[PDB]
$ cat entry.cif   # mmCIF, N, CA and C atoms
data_protein
loop_
_atom_site.label_atom_id
_atom_site.label_comp_id
_atom_site.auth_asym_id
_atom_site.auth_seq_id
_atom_site.Cartn_x
_atom_site.Cartn_y
_atom_site.Cartn_z
N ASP A 881 1.55 -8.26 -20.85
CA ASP A 881 0.58 -8.50 -21.91
C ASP A 881 -0.79 -8.01 -21.49
N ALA A 882 -1.16 -8.28 -20.24
CA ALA A 882 -2.43 -7.81 -19.71
C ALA A 882 -2.47 -6.29 -19.68
N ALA A 883 -1.36 -5.67 -19.31
CA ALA A 883 -1.27 -4.22 -19.28
C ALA A 883 -1.42 -3.63 -20.68
N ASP A 884 -0.82 -4.28 -21.67
CA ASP A 884 -0.91 -3.81 -23.04
C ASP A 884 -2.32 -3.97 -23.57
N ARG A 885 -2.96 -5.09 -23.23
CA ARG A 885 -4.34 -5.31 -23.64
C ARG A 885 -5.26 -4.31 -22.95
N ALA A 886 -4.97 -4.02 -21.69
CA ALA A 886 -5.78 -3.08 -20.93
C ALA A 886 -5.70 -1.69 -21.57
N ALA A 887 -4.51 -1.33 -22.03
CA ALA A 887 -4.29 -0.07 -22.71
C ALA A 887 -5.07 -0.01 -24.02
N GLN A 888 -5.15 -1.15 -24.71
CA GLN A 888 -5.90 -1.25 -25.95
C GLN A 888 -7.39 -1.07 -25.69
N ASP A 889 -7.86 -1.57 -24.55
CA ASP A 889 -9.25 -1.43 -24.18
C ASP A 889 -9.55 0.01 -23.79
N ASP B 295 25.84 -23.38 3.42
CA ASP B 295 25.54 -22.98 2.06
C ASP B 295 24.30 -23.69 1.54
N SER B 296 24.07 -24.91 2.01
CA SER B 296 22.86 -25.62 1.65
C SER B 296 21.64 -24.92 2.23
N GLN B 297 21.75 -24.52 3.49
CA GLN B 297 20.67 -23.78 4.13
C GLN B 297 20.51 -22.42 3.46
N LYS B 298 21.62 -21.81 3.07
CA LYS B 298 21.57 -20.54 2.37
C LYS B 298 20.82 -20.71 1.06
N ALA B 299 21.15 -21.76 0.32
CA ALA B 299 20.48 -22.03 -0.95
C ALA B 299 19.00 -22.24 -0.72
N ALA B 300 18.65 -22.91 0.37
CA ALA B 300 17.25 -23.15 0.70
C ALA B 300 16.53 -21.83 0.97
N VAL B 301 17.21 -20.91 1.65
CA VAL B 301 16.64 -19.61 1.97
C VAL B 301 16.51 -18.74 0.73
N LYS B 302 17.55 -18.71 -0.10
CA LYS B 302 17.51 -17.91 -1.31
C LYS B 302 16.51 -18.50 -2.29
N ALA B 303 16.41 -19.83 -2.30
CA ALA B 303 15.43 -20.51 -3.13
C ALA B 303 14.02 -20.20 -2.65
N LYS B 304 13.86 -20.10 -1.33
CA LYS B 304 12.58 -19.73 -0.75
C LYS B 304 12.22 -18.31 -1.15
N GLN B 305 13.21 -17.42 -1.14
CA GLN B 305 12.99 -16.04 -1.55
C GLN B 305 12.59 -15.98 -3.02
N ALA B 306 13.23 -16.82 -3.84
CA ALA B 306 12.89 -16.89 -5.25
C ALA B 306 11.46 -17.38 -5.42
N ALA B 307 11.07 -18.36 -4.60
CA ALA B 307 9.72 -18.91 -4.64
C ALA B 307 8.70 -17.88 -4.20
N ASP B 308 9.05 -17.09 -3.19
CA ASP B 308 8.13 -16.08 -2.67
C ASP B 308 7.95 -14.95 -3.67
N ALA B 309 9.05 -14.53 -4.29
CA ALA B 309 9.01 -13.48 -5.29
C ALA B 309 8.28 -13.97 -6.53
N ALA B 310 8.51 -15.23 -6.89
CA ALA B 310 7.87 -15.81 -8.06
C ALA B 310 6.37 -15.95 -7.84
N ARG B 311 5.98 -16.33 -6.62
CA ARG B 311 4.57 -16.44 -6.28
C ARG B 311 3.93 -15.06 -6.33
N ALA B 312 4.64 -14.07 -5.80
CA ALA B 312 4.17 -12.70 -5.81
C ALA B 312 4.04 -12.20 -7.24
N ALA B 313 4.97 -12.60 -8.10
CA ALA B 313 4.92 -12.21 -9.51
C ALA B 313 3.69 -12.81 -10.17
N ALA B 314 3.35 -14.04 -9.80
CA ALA B 314 2.16 -14.70 -10.32
C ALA B 314 0.92 -13.95 -9.88
N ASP B 315 0.93 -13.46 -8.64
CA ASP B 315 -0.20 -12.69 -8.13
C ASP B 315 -0.28 -11.35 -8.84
N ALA B 316 0.88 -10.76 -9.12
CA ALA B 316 0.95 -9.49 -9.84
C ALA B 316 0.38 -9.66 -11.25
N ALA B 317 0.61 -10.82 -11.85
CA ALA B 317 0.05 -11.10 -13.16
C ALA B 317 -1.47 -11.16 -13.07
N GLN B 318 -1.97 -11.75 -11.99
CA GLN B 318 -3.41 -11.82 -11.78
C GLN B 318 -4.00 -10.44 -11.55
N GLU B 319 -3.22 -9.56 -10.91
CA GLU B 319 -3.66 -8.18 -10.71
C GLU B 319 -3.77 -7.47 -12.06
N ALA B 320 -2.77 -7.66 -12.91
CA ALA B 320 -2.77 -7.04 -14.24
C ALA B 320 -3.91 -7.59 -15.08
N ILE B 321 -4.18 -8.88 -14.95
CA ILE B 321 -5.25 -9.53 -15.69
C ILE B 321 -6.62 -9.05 -15.22
N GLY B 322 -6.80 -8.97 -13.91
CA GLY B 322 -8.06 -8.51 -13.34
C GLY B 322 -8.37 -7.10 -13.80
N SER B 323 -7.35 -6.24 -13.79
CA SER B 323 -7.51 -4.87 -14.25
C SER B 323 -7.78 -4.82 -15.75
N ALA B 324 -7.12 -5.69 -16.51
CA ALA B 324 -7.34 -5.75 -17.95
C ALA B 324 -8.77 -6.19 -18.26
N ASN B 325 -9.29 -7.13 -17.47
CA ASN B 325 -10.65 -7.59 -17.66
C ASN B 325 -11.63 -6.47 -17.33
N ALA B 326 -11.31 -5.70 -16.30
CA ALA B 326 -12.13 -4.56 -15.92
C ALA B 326 -12.09 -3.48 -16.99
N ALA B 327 -10.91 -3.27 -17.58
CA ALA B 327 -10.76 -2.29 -18.65
C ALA B 327 -11.60 -2.70 -19.85
N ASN B 328 -11.62 -4.00 -20.14
CA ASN B 328 -12.40 -4.53 -21.24
C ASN B 328 -13.89 -4.31 -21.01
N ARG B 329 -14.35 -4.58 -19.79
CA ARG B 329 -15.75 -4.38 -19.47
C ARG B 329 -16.13 -2.91 -19.59
N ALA B 330 -15.24 -2.03 -19.12
CA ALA B 330 -15.48 -0.60 -19.22
C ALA B 330 -15.53 -0.17 -20.69
N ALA B 331 -14.66 -0.74 -21.51
CA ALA B 331 -14.64 -0.42 -22.93
C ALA B 331 -15.92 -0.88 -23.61
N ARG B 332 -16.43 -2.04 -23.20
CA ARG B 332 -17.68 -2.54 -23.74
C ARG B 332 -18.82 -1.61 -23.38
N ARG B 333 -18.82 -1.11 -22.14
CA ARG B 333 -19.84 -0.17 -21.71
C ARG B 333 -19.74 1.14 -22.49
N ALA B 334 -18.51 1.59 -22.74
CA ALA B 334 -18.30 2.82 -23.50
C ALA B 334 -18.85 2.67 -24.91
N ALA B 335 -18.62 1.50 -25.51
CA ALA B 335 -19.10 1.23 -26.86
C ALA B 335 -20.62 1.18 -26.90
N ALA B 444 -17.05 5.86 -18.76
CA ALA B 444 -16.55 4.51 -18.98
C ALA B 444 -15.13 4.55 -19.53
N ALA B 445 -14.86 5.52 -20.40
CA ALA B 445 -13.53 5.68 -20.97
C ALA B 445 -12.53 6.05 -19.89
N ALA B 446 -12.92 6.94 -18.98
CA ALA B 446 -12.05 7.32 -17.89
C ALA B 446 -11.74 6.12 -17.01
N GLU B 447 -12.75 5.29 -16.77
CA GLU B 447 -12.57 4.09 -15.96
C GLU B 447 -11.64 3.10 -16.65
N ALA B 448 -11.83 2.89 -17.95
CA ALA B 448 -11.01 1.94 -18.68
C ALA B 448 -9.55 2.36 -18.64
N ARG B 449 -9.30 3.67 -18.73
CA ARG B 449 -7.94 4.19 -18.67
C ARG B 449 -7.33 3.99 -17.29
N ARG B 450 -8.13 4.20 -16.24
CA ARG B 450 -7.63 3.99 -14.88
C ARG B 450 -7.25 2.53 -14.67
N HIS B 451 -8.05 1.62 -15.22
CA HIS B 451 -7.75 0.20 -15.11
C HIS B 451 -6.48 -0.14 -15.88
N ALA B 452 -6.29 0.49 -17.04
CA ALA B 452 -5.09 0.27 -17.83
C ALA B 452 -3.85 0.72 -17.07
N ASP B 453 -3.96 1.84 -16.37
CA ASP B 453 -2.84 2.34 -15.58
C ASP B 453 -2.54 1.39 -14.43
N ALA B 454 -3.60 0.85 -13.82
CA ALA B 454 -3.44 -0.10 -12.73
C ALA B 454 -2.77 -1.38 -13.23
N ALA B 455 -3.16 -1.83 -14.42
CA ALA B 455 -2.57 -3.03 -15.01
C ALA B 455 -1.11 -2.80 -15.33
N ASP B 456 -0.78 -1.58 -15.75
CA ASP B 456 0.59 -1.21 -16.07
C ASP B 456 1.44 -1.19 -14.81
N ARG B 457 0.87 -0.70 -13.71
CA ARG B 457 1.58 -0.71 -12.44
C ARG B 457 1.78 -2.15 -11.96
N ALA B 458 0.78 -2.99 -12.18
CA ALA B 458 0.88 -4.40 -11.82
C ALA B 458 1.98 -5.07 -12.64
N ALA B 459 2.10 -4.68 -13.91
CA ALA B 459 3.14 -5.21 -14.78
C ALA B 459 4.52 -4.82 -14.27
N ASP B 460 4.66 -3.59 -13.78
CA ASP B 460 5.93 -3.15 -13.22
C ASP B 460 6.25 -3.93 -11.95
N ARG B 461 5.24 -4.19 -11.13
CA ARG B 461 5.44 -4.98 -9.93
C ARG B 461 5.87 -6.39 -10.28
N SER B 462 5.21 -6.99 -11.26
CA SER B 462 5.51 -8.36 -11.66
C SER B 462 6.93 -8.45 -12.20
N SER B 463 7.32 -7.48 -13.01
CA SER B 463 8.66 -7.46 -13.58
C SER B 463 9.72 -7.34 -12.49
N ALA B 464 9.50 -6.42 -11.56
CA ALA B 464 10.45 -6.23 -10.47
C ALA B 464 10.56 -7.50 -9.63
N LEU B 465 9.43 -8.15 -9.41
CA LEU B 465 9.40 -9.38 -8.63
C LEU B 465 10.11 -10.51 -9.36
N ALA B 466 9.93 -10.57 -10.68
CA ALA B 466 10.62 -11.57 -11.49
C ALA B 466 12.12 -11.34 -11.45
N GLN B 467 12.54 -10.08 -11.45
CA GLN B 467 13.95 -9.74 -11.37
C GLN B 467 14.51 -10.15 -10.01
N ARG B 468 13.71 -9.94 -8.97
CA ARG B 468 14.11 -10.34 -7.62
C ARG B 468 14.17 -11.85 -7.51
N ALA B 469 13.22 -12.54 -8.15
CA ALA B 469 13.20 -13.99 -8.13
C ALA B 469 14.43 -14.54 -8.82
N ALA B 470 14.80 -13.93 -9.95
CA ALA B 470 15.98 -14.35 -10.69
C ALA B 470 17.23 -14.11 -9.86
N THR B 471 17.28 -12.96 -9.18
CA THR B 471 18.43 -12.63 -8.35
C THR B 471 18.56 -13.62 -7.21
N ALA B 472 17.44 -13.94 -6.57
CA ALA B 472 17.43 -14.89 -5.48
C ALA B 472 17.83 -16.27 -5.98
N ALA B 473 17.38 -16.62 -7.18
CA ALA B 473 17.73 -17.90 -7.79
C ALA B 473 19.22 -17.95 -8.09
N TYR B 474 19.78 -16.82 -8.51
CA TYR B 474 21.21 -16.75 -8.79
C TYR B 474 21.98 -16.94 -7.50
N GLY B 475 21.48 -16.34 -6.42
CA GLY B 475 22.08 -16.48 -5.11
C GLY B 475 22.05 -17.93 -4.65
N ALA B 476 20.91 -18.59 -4.85
CA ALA B 476 20.76 -19.99 -4.49
C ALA B 476 21.72 -20.85 -5.31
N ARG B 477 21.88 -20.50 -6.58
CA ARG B 477 22.78 -21.24 -7.46
C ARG B 477 24.22 -21.09 -7.01
N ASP B 478 24.61 -19.87 -6.64
CA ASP B 478 25.96 -19.63 -6.17
C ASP B 478 26.21 -20.36 -4.86
N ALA B 479 25.20 -20.38 -4.00
CA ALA B 479 25.31 -21.09 -2.73
C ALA B 479 25.46 -22.59 -3.00
N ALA B 480 24.70 -23.09 -3.97
CA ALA B 480 24.78 -24.49 -4.35
C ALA B 480 26.15 -24.81 -4.93
N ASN B 481 26.69 -23.88 -5.70
CA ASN B 481 28.00 -24.08 -6.30
C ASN B 481 29.07 -24.13 -5.22
N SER B 482 28.95 -23.26 -4.22
CA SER B 482 29.89 -23.26 -3.11
C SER B 482 29.76 -24.55 -2.32
N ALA B 483 28.53 -25.01 -2.11
CA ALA B 483 28.29 -26.24 -1.38
C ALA B 483 28.92 -27.41 -2.12
N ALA B 484 28.83 -27.40 -3.45
CA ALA B 484 29.42 -28.45 -4.26
C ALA B 484 30.93 -28.44 -4.11
N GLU B 485 31.53 -27.25 -4.11
CA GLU B 485 32.97 -27.14 -3.94
C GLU B 485 33.38 -27.61 -2.55
N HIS B 486 32.56 -27.29 -1.55
CA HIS B 486 32.85 -27.71 -0.19
C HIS B 486 32.74 -29.22 -0.07
N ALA B 487 31.73 -29.80 -0.72
CA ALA B 487 31.56 -31.24 -0.71
C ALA B 487 32.74 -31.92 -1.39
N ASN B 488 33.23 -31.32 -2.46
CA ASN B 488 34.36 -31.87 -3.18
C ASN B 488 35.62 -31.81 -2.33
N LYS B 489 35.80 -30.69 -1.63
CA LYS B 489 36.95 -30.54 -0.75
C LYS B 489 36.84 -31.50 0.42
#

$ encode --input "entry.cif" --output "structure tokens"
Amino acid sequence: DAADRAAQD
Amino acid sequence: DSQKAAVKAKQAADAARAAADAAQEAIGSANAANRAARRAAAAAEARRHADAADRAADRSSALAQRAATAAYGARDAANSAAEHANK
């Protein structure tokens, strides 16, 4: 989830 | 088999703890990516952090798989111990 959010950022 | 279960359970605990740390790595990188994105609003940095978070996610997943495997081993050892106790 953090990786996906990081990608969104 | 009881000692085996204790060892495999310990391995599950170690892998699980490592997975928790891997989650913190992914989170830390995600927070850094967010800060970089805020500064951009920096893009190269945010992307590097995203890649790092993705690598952390792969580490966490692999560790969780190892923890599950170790837990399965501990369970099988416990099952054998139960059979031995019954015998």

$ interface_residues --input "entry.cif" --of "chain A" --to "chain B" --cutoff "7 Å" --atoms "only C-alpha atoms" --output "PyMOL selection string"
chain A and resi 882-883+885-887+889

$ atom_distance --input "entry.cif" --atom1 "atom N of residue B:302" --atom2 "atom C of residue B:480"
11.6 Å

$ closest_residue --input "entry.cif" --among "B:479, B:464, B:446, B:470" --to "residue B:300" --atoms "all atoms listed in the file"
B:479

$ atom_distance --input "entry.cif" --atom1 "atom N of residue B:462" --atom2 "atom C of residue B:474"
19.9 Å

$ atom_distance --input "entry.cif" --atom1 "atom CA of residue B:303" --atom2 "atom N of residue B:472"
7.7 Å

$ select_by_dssp --input "entry.cif" --residues "chain A" --states "alpha helix (DSSP H)" --output "list in words"
residues 882, 883, 884, 885, 886, 887 and 888 of chain A

$ decode --input "entry.cif" --residues "chain A" --atoms "N, CA and C atoms" --output "JSON list (two decimals), in the first residue's frame"
[["chain", "number", "residue", "atom", "x", "y", "z"],
["A", 881, "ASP", "N", 0.83, -1.19, 0.00],
["A", 881, "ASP", "CA", 0.00, 0.00, 0.00],
["A", 881, "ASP", "C", 0.87, 1.25, 0.00],
["A", 882, "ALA", "N", 1.93, 1.23, 0.81],
["A", 882, "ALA", "CA", 2.86, 2.34, 0.85],
["A", 882, "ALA", "C", 3.55, 2.52, -0.49],
["A", 883, "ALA", "N", 3.91, 1.40, -1.13],
["A", 883, "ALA", "CA", 4.55, 1.45, -2.44],
["A", 883, "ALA", "C", 3.61, 2.04, -3.48],
["A", 884, "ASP", "N", 2.33, 1.68, -3.40],
["A", 884, "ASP", "CA", 1.35, 2.19, -4.35],
["A", 884, "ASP", "C", 1.11, 3.67, -4.13],
["A", 885, "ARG", "N", 1.06, 4.08, -2.86],
["A", 885, "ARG", "CA", 0.90, 5.49, -2.54],
["A", 885, "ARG", "C", 2.13, 6.27, -2.98],
["A", 886, "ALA", "N", 3.30, 5.68, -2.80],
["A", 886, "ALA", "CA", 4.54, 6.34, -3.19],
["A", 886, "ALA", "C", 4.57, 6.57, -4.69],
["A", 887, "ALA", "N", 4.06, 5.59, -5.44],
["A", 887, "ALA", "CA", 3.97, 5.69, -6.89],
["A", 887, "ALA", "C", 3.01, 6.80, -7.29],
["A", 888, "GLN", "N", 1.93, 6.96, -6.53],
["A", 888, "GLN", "CA", 0.95, 8.02, -6.78],
["A", 888, "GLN", "C", 1.57, 9.39, -6.53],
["A", 889, "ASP", "N", 2.45, 9.47, -5.54],
["A", 889, "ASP", "CA", 3.14, 10.71, -5.23],
["A", 889, "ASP", "C", 4.16, 11.02, -6.31]]
